[PDB]
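Analysis of the macromolecular model
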Amino acid sequence: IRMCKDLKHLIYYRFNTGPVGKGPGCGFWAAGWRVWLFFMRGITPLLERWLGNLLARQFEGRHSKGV
RNA sequence: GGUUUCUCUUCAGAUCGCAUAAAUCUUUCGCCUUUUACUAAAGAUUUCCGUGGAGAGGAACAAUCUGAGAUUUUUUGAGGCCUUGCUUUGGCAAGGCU
Ligand SMILES: O=P(O)(O)O[C@H]1[C@H](OP(=O)(O)O)[C@H](OP(=O)(O)O)[C@H](OP(=O)(O)O)[C@@H](OP(=O)(O)O)[C@H]1OP(=O)(O)O
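Residues numbered from 1 in each chain as written, not as in the entry; some residues may be left out. Chains lettered and ligands numbered in written order. Part of a larger assembly, values for the part shown. Heavy atoms only, no water.

Per the PDB record, the structure was determined using cryo-EM to 5.9 Å resolution.

This is how it looks when you write it as C-alpha coordinates:
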(Lines give C-alpha, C1' and ligand atoms only; values in the text may rest on other atoms or scores of the structure.)
Protein backbone atom coordinates (compact mmCIF):
# COMPACT_ATOMS: atom_id res chain seq x y z
CA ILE A 1 0.00 0.00 0.00
CA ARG A 2 2.97 2.31 0.67
CA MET A 3 4.39 1.41 -2.74
CA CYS A 4 0.98 2.09 -4.31
CA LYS A 5 0.95 5.49 -2.57
CA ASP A 6 4.50 6.19 -3.76
CA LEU A 7 3.57 5.22 -7.32
CA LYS A 8 0.51 7.47 -7.02
CA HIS A 9 2.69 10.39 -5.91
CA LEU A 10 5.24 9.68 -8.66
CA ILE A 11 2.47 9.56 -11.29
CA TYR A 12 0.91 12.73 -9.85
CA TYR A 13 4.17 14.69 -9.73
CA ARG A 14 5.20 13.57 -13.19
CA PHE A 15 1.68 14.44 -14.35
CA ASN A 16 1.00 17.84 -12.73
CA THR A 17 3.67 19.59 -14.76
CA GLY A 18 1.96 22.18 -16.94
CA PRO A 19 -1.67 23.27 -17.23
CA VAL A 20 -3.13 20.24 -15.45
CA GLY A 21 -3.74 20.55 -11.73
CA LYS A 22 -4.87 18.25 -8.90
CA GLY A 23 -8.15 17.32 -10.56
CA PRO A 24 -9.81 13.96 -10.10
CA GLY A 25 -9.26 12.47 -13.57
CA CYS A 26 -5.75 10.98 -13.50
CA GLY A 27 -5.74 7.47 -14.93
CA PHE A 28 -2.96 4.87 -14.74
CA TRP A 29 -3.19 1.39 -13.20
CA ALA A 30 -0.43 -0.83 -14.63
CA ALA A 31 2.07 -0.34 -11.78
CA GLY A 32 -0.42 -1.15 -9.02
CA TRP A 33 -1.62 -4.04 -11.19
CA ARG A 34 1.99 -5.31 -11.26
CA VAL A 35 2.42 -4.83 -7.49
CA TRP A 36 -0.79 -6.56 -6.44
CA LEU A 37 -0.39 -9.44 -8.89
CA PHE A 38 3.20 -10.07 -7.79
CA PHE A 39 1.76 -10.03 -4.28
CA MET A 40 -0.89 -12.45 -5.54
CA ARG A 41 1.63 -14.99 -6.83
CA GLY A 42 3.36 -14.56 -3.48
CA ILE A 43 0.21 -15.07 -1.44
CA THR A 44 -1.36 -17.92 -3.47
CA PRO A 45 0.25 -21.10 -1.96
CA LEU A 46 -0.09 -20.06 1.69
CA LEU A 47 -3.76 -19.32 0.96
CA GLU A 48 -4.10 -22.71 -0.76
CA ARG A 49 -2.52 -24.55 2.17
CA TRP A 50 -4.64 -22.64 4.72
CA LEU A 51 -7.80 -23.38 2.74
CA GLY A 52 -6.74 -27.02 2.43
CA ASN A 53 -6.33 -27.24 6.21
CA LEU A 54 -9.74 -25.52 6.49
CA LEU A 55 -11.30 -28.09 4.15
CA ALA A 56 -9.63 -30.98 5.97
CA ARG A 57 -10.91 -29.75 9.34
CA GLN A 58 -14.34 -29.22 7.78
CA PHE A 59 -14.66 -32.60 6.05
CA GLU A 60 -12.27 -34.93 7.89
CA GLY A 61 -13.16 -33.27 11.18
CA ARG A 62 -10.82 -31.83 13.78
CA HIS A 63 -8.13 -34.05 15.26
CA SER A 64 -8.68 -33.11 18.90
CA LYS A 65 -5.66 -35.13 19.98
CA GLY A 66 -3.72 -34.92 16.69
CA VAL A 67 -0.08 -33.93 16.50
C1' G B 1 15.34 -32.57 -47.38
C1' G B 2 7.68 -28.81 -44.99
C1' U B 3 5.44 -25.29 -41.59
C1' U B 4 2.44 -23.94 -37.59
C1' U B 5 0.54 -25.86 -33.17
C1' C B 6 -0.76 -29.10 -29.10
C1' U B 7 0.56 -32.81 -25.53
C1' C B 8 4.19 -35.82 -23.03
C1' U B 9 9.23 -36.96 -21.57
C1' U B 10 14.21 -35.19 -20.40
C1' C B 11 18.09 -31.50 -19.31
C1' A B 12 17.52 -26.22 -17.25
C1' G B 13 23.82 -25.40 -14.92
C1' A B 14 21.93 -18.13 -18.86
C1' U B 15 19.42 -11.60 -15.97
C1' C B 16 16.73 -19.93 -17.03
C1' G B 17 13.00 -14.12 -15.01
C1' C B 18 16.61 -6.86 -18.74
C1' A B 19 10.86 -9.51 -13.97
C1' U B 20 9.90 -10.16 -8.83
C1' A B 21 6.58 -12.12 -4.67
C1' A B 22 5.50 -15.13 -0.38
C1' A B 23 6.48 -18.98 3.43
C1' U B 24 9.38 -21.82 7.08
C1' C B 25 13.72 -22.08 10.18
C1' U B 26 18.33 -19.81 12.79
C1' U B 27 18.92 -15.01 14.72
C1' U B 28 19.44 -9.69 15.73
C1' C B 29 16.16 -5.81 16.22
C1' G B 30 11.61 -2.35 16.02
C1' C B 31 7.09 -2.99 18.62
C1' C B 32 5.86 -5.10 23.19
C1' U B 33 1.02 -7.77 29.42
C1' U B 34 0.51 -12.21 26.35
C1' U B 35 -1.16 -15.43 21.49
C1' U B 36 -1.31 -15.07 16.25
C1' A B 37 -0.73 -10.93 13.56
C1' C B 38 4.21 -7.97 14.17
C1' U B 39 8.90 -4.08 12.26
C1' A B 40 13.67 -4.54 8.98
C1' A B 41 18.35 -6.83 8.49
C1' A B 42 21.32 -11.25 8.09
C1' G B 43 21.93 -16.54 7.55
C1' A B 44 19.72 -21.11 6.22
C1' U B 45 16.17 -23.17 3.00
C1' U B 46 11.54 -23.50 0.23
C1' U B 47 7.09 -22.54 -2.53
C1' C B 48 4.42 -19.99 -6.33
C1' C B 49 3.98 -17.18 -11.15
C1' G B 50 7.05 -17.60 -15.22
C1' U B 51 11.67 -19.52 -18.46
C1' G B 52 15.41 -22.00 -21.90
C1' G B 53 17.44 -26.43 -24.67
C1' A B 54 16.46 -31.45 -26.47
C1' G B 55 13.32 -35.60 -27.90
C1' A B 56 8.66 -38.16 -28.80
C1' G B 57 3.45 -38.27 -30.14
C1' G B 58 -0.78 -35.83 -32.26
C1' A B 59 -3.29 -32.14 -35.29
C1' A B 60 -4.05 -28.56 -39.24
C1' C B 61 -2.03 -26.28 -43.35
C1' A B 62 2.69 -26.20 -47.22
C1' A B 63 2.19 -30.64 -49.76
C1' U B 64 6.43 -29.83 -53.33
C1' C B 65 9.54 -26.59 -51.00
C1' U B 66 14.40 -26.68 -49.20
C1' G B 67 19.18 -28.11 -50.37
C1' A B 68 23.39 -30.43 -52.54
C1' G B 69 25.32 -30.90 -57.51
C1' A B 70 47.97 -23.95 -76.87
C1' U B 71 51.23 -22.50 -78.97
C1' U B 72 54.25 -15.85 -78.35
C1' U B 73 59.53 -15.13 -72.22
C1' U B 74 58.67 -18.20 -66.08
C1' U B 75 53.59 -23.94 -65.71
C1' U B 76 54.14 -26.99 -72.11
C1' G B 77 58.05 -28.42 -77.11
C1' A B 78 65.20 -26.19 -78.43
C1' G B 79 63.18 -30.54 -80.37
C1' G B 80 66.62 -34.15 -81.92
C1' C B 81 71.52 -36.42 -82.10
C1' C B 82 76.23 -38.62 -81.41
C1' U B 83 81.04 -40.33 -78.87
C1' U B 84 84.04 -41.80 -74.26
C1' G B 85 83.00 -43.88 -68.60
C1' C B 86 79.13 -47.37 -67.74
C1' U B 87 76.48 -50.58 -70.40
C1' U B 88 73.23 -50.80 -64.42
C1' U B 89 70.73 -51.76 -72.16
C1' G B 90 64.45 -47.39 -69.54
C1' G B 91 69.86 -45.24 -71.20
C1' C B 92 73.39 -43.61 -67.62
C1' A B 93 78.90 -40.40 -65.92
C1' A B 94 81.91 -36.56 -69.60
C1' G B 95 82.81 -33.77 -75.24
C1' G B 96 81.86 -31.30 -79.86
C1' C B 97 76.74 -30.42 -81.78
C1' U B 98 72.26 -27.34 -84.68
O1 LIG C 1 0.16 15.43 -2.91
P2 LIG C 1 -0.88 14.63 -3.66
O3 LIG C 1 -0.21 13.48 -4.36
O4 LIG C 1 -1.55 15.53 -4.67
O5 LIG C 1 -2.01 14.04 -2.60
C6 LIG C 1 -3.33 14.53 -2.68
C7 LIG C 1 -4.02 14.59 -1.31
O8 LIG C 1 -3.58 15.62 -0.42
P9 LIG C 1 -2.09 16.33 -0.31
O10 LIG C 1 -1.82 17.23 -1.49
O11 LIG C 1 -2.08 17.18 0.94
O12 LIG C 1 -0.99 15.31 -0.18
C13 LIG C 1 -4.04 13.22 -0.59
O14 LIG C 1 -2.82 13.08 0.12
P15 LIG C 1 -1.75 11.81 0.11
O16 LIG C 1 -2.38 10.55 0.65
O17 LIG C 1 -1.16 11.57 -1.26
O18 LIG C 1 -0.62 12.19 1.02
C19 LIG C 1 -4.42 12.02 -1.49
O20 LIG C 1 -5.65 11.52 -1.04
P21 LIG C 1 -5.76 9.91 -0.73
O22 LIG C 1 -5.18 9.62 0.64
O23 LIG C 1 -7.21 9.49 -0.75
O24 LIG C 1 -5.00 9.13 -1.77
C25 LIG C 1 -4.55 12.24 -3.02
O26 LIG C 1 -5.91 12.05 -3.33
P27 LIG C 1 -6.32 11.19 -4.67
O28 LIG C 1 -5.52 9.92 -4.72
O29 LIG C 1 -7.79 10.86 -4.62
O30 LIG C 1 -6.04 12.03 -5.90
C31 LIG C 1 -4.13 13.60 -3.61
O32 LIG C 1 -5.31 14.26 -3.99
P33 LIG C 1 -5.26 15.31 -5.25
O34 LIG C 1 -4.07 15.00 -6.13
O35 LIG C 1 -6.52 15.19 -6.06
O36 LIG C 1 -5.14 16.71 -4.70
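**Regarding the overall build of chain A**
For clarity, the threshold we go by: Helix and strand definitions here come from DSSP, where helices need a minimum of 4 consecutive H or I residues and strands a minimum of 2 consecutive E residues; each element is numbered from the N-terminal end. In this treatment the radius of gyration is a C-alpha quantity, and the globule benchmark scales as 2.2 Å times the residue count to the 0.38 power. For the area figures, the Shrake-Rupley method with a 1.4 Å probe applies, and any residue is considered shielded solely by the protein chains shown.
In terms of regular secondary structure, chain A is built from 2 helices and 0 strands. Taken against the 2.2 N^0.38 rule, which gives 11 Å for 67 residues, the C-alpha radius of gyration of chain A at 21 Å runs more than 25% over that of a compact globule. Principal-axis analysis of the C-alpha atoms places the extent of chain A at approximately 70 × 20 × 15 Å. For chain A, the exposed surface amounts to about 6600 Å²; the carbon and sulfur share of it is 64%.

**Comments concerning the layout of surface pockets**
Filter applied, for reference: Using a grid of 1 Å spacing that covers the protein atoms alone, one calls a set of points a cavity when a 1.4 Å probe fits there but cannot get out, and a pocket when the set is open and has protein on both sides within 12 Å along at least five of seven lines; lining residues are those with an atom within 4 Å of a point. Grid points are joined across faces, edges and corners, and a volume is the space filled by probe spheres set on the points.
The space that makes up the largest pocket amounts to roughly 160 Å³. In this structure, the largest pocket is lined by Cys4, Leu7, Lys8, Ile11, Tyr12, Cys26, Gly27, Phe28, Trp29, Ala30, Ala31 and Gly32. At the level of elements, α1 (2–15) and α2 (30–59) are the ones that each hand at least two residues to the lining of the largest pocket.

**Some points on the site of the ligand**
Cut-off, in case you're wondering: Think of it this way: one heavy atom of a residue within 4 Å of a molecule or strand is enough to make that residue near it. By the criterion applied in these results, polar contacts are pairs of N or O atoms within 3.5 Å in which, for protein atoms, one can donate a hydrogen and the other can accept it, and in which residues neighboring in sequence qualify only through two side-chain atoms.
All residues adjacent to the ligand are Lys8, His9, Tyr12, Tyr13 and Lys22. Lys8 places a polar side-chain atom, nitrogen or oxygen, 2.7 Å from an oxygen atom of the ligand. Between the ligand and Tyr13 there is a distance of 3.5 Å, counted from an oxygen atom to a side-chain nitrogen or oxygen. Contact with the protein chains hides 42% of the accessible area of the ligand, taken as 610 Å² for the molecule alone.

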